[PDB]
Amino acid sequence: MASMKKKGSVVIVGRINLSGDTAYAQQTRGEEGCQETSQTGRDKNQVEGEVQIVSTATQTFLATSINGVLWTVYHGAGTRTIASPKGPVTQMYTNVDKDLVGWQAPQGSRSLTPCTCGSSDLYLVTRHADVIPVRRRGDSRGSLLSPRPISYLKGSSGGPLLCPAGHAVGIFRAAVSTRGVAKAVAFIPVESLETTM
C-alpha cells in the first residue's frame, strides 16, 4: 500500500504544424523533460496548433483539438491525466467502447471545426507530418489511396482525418493490416465526438 505507485500524466512533446503551405512536425520537449513533466503533471510550455504530439513514459501518439476538447485514443492515454501549467488535468471524456478520451483543450491551442460537408475525400495527418489521402468507406473506416506498411502509421493514433476544407472528420484509431500493409484505417467519426460532448 505504501508501495503503490501512480501513473504519470500524458505530456505534450510537440505538434504537427499545419500553419503554412508545408506540414511539418515540431518537437517542443525532450525525453528527460517529458519524464520529469509526466511525474509532476506541471507543464509550463506554451501550446500551439491543432495537432499535438503526446507521450507517456512508454508510448507516444497524437492528440487533436476539436470544439475546445483535446481528443486522443484510450489505448494510448488510458485514464491518465494530462500535464498542464497548474498541474495534472483530469479527463472530461472517457469512452473505452469508442477507444476515445478527451481533456479540455490546452490554453493557446487552436481547435478544428467539426465537418458538416458530407464529403468522402479525406486526409489523414500522421506524426511525421504526412498528409495521406484517404477515401471514406463507412461511418468509421476509410481506405488509403496509396497503401503503405503499417510502420508509417504507428504512433499516429489520435491524429485527425480532415475534409478538403480542413474540417475535422474523425480521430485516427486503428489500421487495417493485410500482410503488414495498411490498406484501410478506422477512426472515431466527429459525430461520435459531437455526441459524447
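Each residue number is its position in the shown sequence, starting from 1.
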Exercise. Comparing 18-26 with 183-191, where is the mean C-alpha B-factor higher?
Worked result: 18-26
Seminar exercise, completed: Entry B factor averaged over C-alpha atoms, 131-139 against 29-37: higher for 29-37
For this session: Grab the CA temperature factor for residue 158 from the record and place it in the lowest, middle or highest third of its chain.
Result: lowest
Problem set entry | Chain-wide C-alpha B factor ranking for residue 57, given as lowest, middle or highest third | highest
Problem set entry | Record-listed C-alpha B factor of residue 150: chain third | middle
Problem set entry | Modelled-residue ranking by C-alpha temperature factor, third containing residue 79 | lowest
Seminar exercise, completed: By the entry's values, the third containing the CA B factor of residue 104 is the middle
